[PDB]
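Just passing along the structure, written as structure tokens.
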Amino acid sequence: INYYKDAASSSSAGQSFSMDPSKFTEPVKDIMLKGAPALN
Amino acid sequence: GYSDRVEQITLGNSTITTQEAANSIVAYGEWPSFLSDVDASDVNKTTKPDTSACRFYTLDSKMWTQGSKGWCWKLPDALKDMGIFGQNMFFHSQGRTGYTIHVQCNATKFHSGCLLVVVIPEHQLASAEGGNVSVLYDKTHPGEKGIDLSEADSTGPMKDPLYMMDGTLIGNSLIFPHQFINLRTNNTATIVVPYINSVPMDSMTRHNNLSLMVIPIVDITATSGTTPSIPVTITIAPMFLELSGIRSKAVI
Amino acid sequence: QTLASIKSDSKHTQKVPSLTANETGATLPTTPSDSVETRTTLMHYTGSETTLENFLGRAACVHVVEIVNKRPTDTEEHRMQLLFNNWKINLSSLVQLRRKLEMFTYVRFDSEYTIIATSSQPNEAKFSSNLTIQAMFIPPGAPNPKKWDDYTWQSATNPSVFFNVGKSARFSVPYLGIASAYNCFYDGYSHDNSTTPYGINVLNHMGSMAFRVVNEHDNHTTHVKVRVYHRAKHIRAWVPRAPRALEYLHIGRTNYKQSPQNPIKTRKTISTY
Amino acid sequence: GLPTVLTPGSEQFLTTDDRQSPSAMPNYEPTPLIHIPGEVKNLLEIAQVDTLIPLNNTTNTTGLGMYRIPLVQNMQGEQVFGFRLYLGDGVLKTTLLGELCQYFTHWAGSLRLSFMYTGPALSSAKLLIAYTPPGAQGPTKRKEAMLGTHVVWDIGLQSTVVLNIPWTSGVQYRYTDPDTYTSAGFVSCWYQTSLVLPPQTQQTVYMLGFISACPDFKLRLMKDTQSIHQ
Amino acid sequence: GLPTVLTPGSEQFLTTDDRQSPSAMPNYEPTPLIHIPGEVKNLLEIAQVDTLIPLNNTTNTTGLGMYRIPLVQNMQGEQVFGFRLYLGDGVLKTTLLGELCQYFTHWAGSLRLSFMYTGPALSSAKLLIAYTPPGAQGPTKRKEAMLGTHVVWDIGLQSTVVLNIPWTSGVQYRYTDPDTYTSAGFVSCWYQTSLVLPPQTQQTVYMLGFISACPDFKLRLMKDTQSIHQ
Amino acid sequence: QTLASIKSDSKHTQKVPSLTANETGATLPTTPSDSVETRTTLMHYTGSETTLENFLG
Amino acid sequence: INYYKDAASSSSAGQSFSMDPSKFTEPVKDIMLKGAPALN
Amino acid sequence: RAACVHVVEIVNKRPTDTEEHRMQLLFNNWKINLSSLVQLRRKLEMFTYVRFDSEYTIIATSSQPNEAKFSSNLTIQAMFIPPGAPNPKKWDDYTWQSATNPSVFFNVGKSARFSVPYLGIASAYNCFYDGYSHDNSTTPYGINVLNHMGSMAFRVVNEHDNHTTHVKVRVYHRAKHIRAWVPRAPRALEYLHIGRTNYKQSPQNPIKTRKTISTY
Amino acid sequence: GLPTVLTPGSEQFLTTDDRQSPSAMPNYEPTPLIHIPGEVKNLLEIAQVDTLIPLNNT
Amino acid sequence: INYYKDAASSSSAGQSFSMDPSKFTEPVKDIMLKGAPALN
């Protein structure tokens, strides 16, 4: 229950989210597949 | 067979053709694009120079030899003197760019060596004098001539690549969009970078976005012969240039 | 439940997941099952403990000020006498917090403050007194207090809180940034000039927080230290970066020592265990 | 009014106690959030990015030399490198896994090592990379190293080898701090054959070492690092 | 009774903490509210009303002269006036936007300037009014001013020109206090042609300057002003 | 959501929103779009922070 | 939830209202239109 | 049920520059264990494997055994320092910022209360360990090798105040959501040290004797 | 806010008072519980096991 | 009512369970019955 109507007052509520490491691990135009040559 | 090692980039009225290249990188997985109505806050019809600006520009090459420490360029500063882009930069009060950054370095099968090419946003630099000293404008905005980490100074930023230029270690610089150039495998590296900032649009003169580092990790050597000298050439283009607000030409 | 590994038997294929090229700048999501024989097993882990929210959303000391309760002396500025004190808002004063925030380029969050005061009487006291402490926000353009009790402290429009020594204040402050996120770094200047401050300091116009003992002098000099803690809430961050290896010298600046110690422990031989 | 009873802990300040509180700025309207690239949700999204390992952190190696592992001609069966596998105070101390792990007490899951060859295109070698599980010593000879988990790496067009070090612990979690009870064992690399360069040439060539986490990587219980000295 | 735990902040006094409280006068019946004209709901309803700007606040201008901008005969290409566009300590300091903005930290949105001609009905002139975006200097010449946002104003039956100064900032909000990082640039006015009065006459004529907010005007984070000295 | 500005292109009309008379005592609700070319954009603001209630309360 | 039955005790509840600047910006008998002459 | 686990003594005095602050008791470090006080240890010893969440209560009391002019209510800080975390060196160095380390502030005369979830590496806490840290002739034996719980640090956060004030901080522990496996016989002989199951060279037989097998 | 009255016992510490409390480690994920033989639920499960009596304690 | 969303914070809730002394009193492969010979 929220007791204040000013949203900053809200406790640190939130959900866990699925991770998306592709933004940092596979930022490539052409999709690389495991097992395929990296250098074609 | 459409090999991944061969690419052509066509942008504006200029092209790049490579035969020995690694897959290009799209920084953070996001292709560059125009400002949406939702994001926009500046109430002016924007200007879109299109292909008059969004073309490749080539910066003066530099020699990579044994003992070289590496080089640093700032964007958009590096292009401030080039083409209509450079002129627009001083007439428009604010703007936003994405880039295609292409680094070239030729060699034969008898050469060894490795460059690390990294694009670092907001690369705030440490001063050579340390303490409370700030780096002066004159030394963070050199234009086409990048900051040669091999050159001595006392008023410029610190030049020791181990700590980049800000106290972090180079080993962890790989968190940023990056690509390597191994002379034995590839002679090019290509990174596409979307506009990254806390605001829709910003000054293109008092503030840099992107800092392009090219730091040799493994010195150039050869199986035989005297110390080799290999030129390194950098070619950069704006992607979706969008500008706003007209003023008299800014004076720096 | 998410599996950590799946059963995998010996392979003899032309497909080679163990061989790639880091040249591309990509890190492929390979698994132990791509190298050795494995057995099916669960993770029993959700990763909730490593969320950005937990990393940054813990209270940390940000700043400590010292104010005193003494009979005012007419020969010195009240601020110099520590009758009141002004803390320019920042999170960069204490490294334990700064270091975490430094790991992201852009950070957005709401704040929670906690203010704790403790008194001390390092003198020939006859008794102790529980003082009331006032803390006041002074955003840019607001008047700065000059005397320990001038009109500024009326707090007509400036958010403020009163609390006693031994007690604490707690309140929330919503994201106050001008931009969509707070910048941790700024590769630029306040304007196009040869001589001007460089770096994130030019964006720090958060204002100041003023502290005061609201009681009158009481014969003896009482020292009060006020510790301000900060916790971020509803935290978002963009563009991760490498953590700093070298010691910090000053606020905002990324400067480091002229001859820094290489922060890598060394050994005698590349093969020494 | 309503009868109440206070319990122990009343009026305590607790670092991690997430609660509601009054706003100091009652009707403030926060600045809109524009789209910004590179959003981070979890530290484990970062742990999976490869960073360099200062494996050649020997004395007298000031500069970027710490990230270069030398290989030499006509050497066979000898050790290229080796180290004790800590995510605390070992060679991995300053890598991103190092830096992230220094904020946690408990570590579990698989690690990934990767090596990249930077020598002449005309050169070749085969290298043995091996992991020695806890309880073992050394290895001091290739004959010992080969009995652990290992990969034989052929230098060729694809310049990078990836070795995923499996979780072999009999304990569900290991410490990030060095601790004998949870030692992770050793990592080593040996010349399977030898380094061969074109005829009548003599050079030293180098490899670059990398480290990242496997998708199956776990961290628990946050703590302060030892990277801050003031 | 019900177990409870007190949290940090218990018994604090907070200026902006809106809460319920006991009434000191339990069954009091307030005086009825008769209709009163001019009800105000929001400060931004006030910000949109035009007030005079003391543009001629030069030294030796004591009195209402500060609100009069002189124009003179046979002058061409010269500057009529100019100022740095602050809502803090500039010429706009004492206008209603000034006074309202001094109660807030953050300012955003568009401003409106307006000028009214008070000279002879038989006179005429064309004036250039221009806004110079941030980062520029001066302007010092009409040739510079014309490159910014501008309007050419023909004096005639309609005595007032309105120039809406667009929001051109690359930063979502600017400070009300002077701050280099968020400078709003400059406002200037030049003689497009010249002031012309009937033959054989010689006079100085004046304009009155006005300022108000555009519907798109935003203010955030309240603060105390610097207009109080005791 | 309330718009701050709407797209507006160059005009060449007999309608002149930039020209008026303050003599009347009225302040007309003109916009940037009545002077210069503009681009559609949202306010992302409700003005709640400036309500009389916050000013005085 | 209100805990007191004396209305003054109520917290500072209220809604935001649409602004009506016409009371202060266009108090004229004869309606003026943008683009029309102010002086007919 | 709550039980006292450990008591520390910290003082508030003007620092002396000739001695390590820890030695002056300006702050104090408690290595976490439940084996310090026998009244609790004895119960836990009755099971081989124990799993639970913890609840802590920290109570501080001051004393002024000197020519005081007045009393002061001090604020006490307690901080977790898990393995690998920096250990405080000075009574007020950067470590105490508690940027990432859970901590609590409370006043003398008041108490802290908080929960700590099961922190074991294994599925249960071992009460006993018939083994060593590694395969070596010389190494510590027994449950101590598994105790890497870390430490809890205590500090008076106030500055010196003319006189020396002594504060004792008592830490109580209560287990919650408790599971246990493999019951065992309770210890009959006195405990000597923490972790170790050692006993006296010539222990007293803990069986009351009588004159005759048939004496009532 | 809500009027309240404190009762005797406020702020007492009581050994056996089972109550809720804030966690010091907000998003910690405990180690999974593997099956372990010999689980004990009640002390009276132990009381029923035969042990020796030192009857000849003379 | 739980007030905290971190499960360790939960009070010592639980049910009583039927006892199962057979784990400690009759751990035998071959079932013994009362009244039957223990030694067959």
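To keep things simple, chains are lettered A, B, C, D, E, F, G, H, I and J as they appear, and every chain counts its residues starting from 1.
As a convention for this text, a residue touches a chain if its C-beta (ideal position, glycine included) is under 8 Å from a C-beta of that chain, and two chains touch if they have at least 3 such contacts.
Just so we're on the same page, UniProt names per chain: C, H = Genome polyprotein.
Here H-I and F-G were compared by C-beta pairs in contact; the pair with more is H-I.
Among the remaining chains, J is positioned farthest from subunit G, on the basis of C-alpha centroids. Averaging C-alpha coordinates per chain places the centre of subunit D 58 Å away from that of subunit E. Computed centre separation for the pair subunit A/subunit G is 44 angstrom, with centres defined by C-alpha atoms. Spacing of subunit G relative to subunit I, judged by their CA centroids, is 62 angstrom.
Residue positions 6, 8-12, 24 of subunit J each touch two or more of the other chains. For subunit B, the set of residues touching two or more other chains reads 22-23, 25, 27-28, 38, 41-44, 162, 169, 172, 175, 177, 180, 182, 185-186, 196-200, 203, 205-206, 250-251.
Among the residues of subunit I, those in touch with two or more other chains are 1-3, 7, 11, 13, 17, 19-29, 31-32, 38-39, 46.
Every residue of subunit A that touches subunit C in the complex is listed here, in rising order: 6-12, 14, 16, 19, 21, 24-28, 32, 34-36, 38-39.
Only residues 2-7, 9-14, 17, 19, 21-26, 28-29, 31-32 of subunit D touch subunit E when the two sit together in their complex. In the complex of the two chains, the subunit E residues touching subunit B come out as 108, 110, 132-139, 143-145, 147-149, 166-172, 185, 216. Note for the complex: subunit D touches subunit F at residues 26-29, 31-32.
By the touch criterion given at the top, residues 18-23, 25-28, 38-39, 41-42, 44-46, 48-49 of subunit I touch subunit J in their complex.
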